[PDB]
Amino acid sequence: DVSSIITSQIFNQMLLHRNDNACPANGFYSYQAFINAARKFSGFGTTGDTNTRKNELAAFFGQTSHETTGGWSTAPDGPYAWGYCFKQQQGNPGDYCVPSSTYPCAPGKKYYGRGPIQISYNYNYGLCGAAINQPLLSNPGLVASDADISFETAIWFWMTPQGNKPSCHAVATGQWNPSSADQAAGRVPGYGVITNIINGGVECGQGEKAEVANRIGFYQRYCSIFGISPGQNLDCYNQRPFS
């Protein structure tokens, strides 16, 4: 069971400032919601030895903390204590509608970033909704109104290969071997290739970049909280994006 690896105290010590009044999602992201969702994905945080299980949870919280961070340079306990501050994309984001015969934009609905992986666009709400049996295309708001659903979108993303990308799960559990294409692209097993899966097109293969460092900062802090070593190839600075 995933609760044998990550306790409420480990969850809350990682996501220490998420419930400060400054964080608009305060009180949304409960440990119970996370556990309810995580138990629906066999293998999530239950694959390999205890170090592997801890590493997968460390990597998962590392990446999702970046997508939802309310951190800053001079934030209490460091910027890597401010994961999961948000549940909805900041700014005045638009509808994230890209017309699809397969997953149409429900009139009046918006598919901007929601929940721990900031799932975006009607294609992804549709694909995920179909996978987790939730009406996310018609009611994309569920991802910010219901914490179990919110966590389910993020773990769905984590567990699901797409196109030329392995699952984050396969990489995090050491069950991913680079193809010839990946080797030519300098995509090496490690946390950097997880970044590349999530947002490489923007963040990877351009040298030192703030967003990539921030994802690493969270993962290093959580590896320490779990009492494991991060391992190598933490960055995607020299990796060609997948897309």
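For every residue, the number given is its place in the sequence shown, counted from 1.
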Margin query: So, looking at the entry's B-factor column for Cα atoms, which has the higher mean, 48-56 or 189-197?
Written below: 48-56
Note to self: On mean Cα temperature factor in this entry, is 75-83 or 149-157 the higher one?
What the structure shows: 75-83
Margin query: In terms of recorded Cα temperature factor, pick the maximum from 124, 173, 133, 162.
Written below: 133
Notebook entry, point to check: Which has the highest CA B-factor per the PDB entry: 129, 116, 91, 141?
Noted result: 91
Next item on the list: Sort the modelled residues of this chain by their C-alpha B factor and say whether residue 62 lands in the lowest, middle or highest third.
Entry: lowest
Item checked: Chain-relative CA temperature factor third for residue 96 -> middle
Checklist line | For residue 204, the third of its chain into which the C-alpha B factor falls | finding: lowest
Note to self: Quick check on the deposited entry: does the C-alpha B-factor of residue 213 sit in the lowest, middle or highest third of its chain?
What the structure shows: middle
Item checked: Chain thirds of CA B-factor: placement of residue 26 -> highest
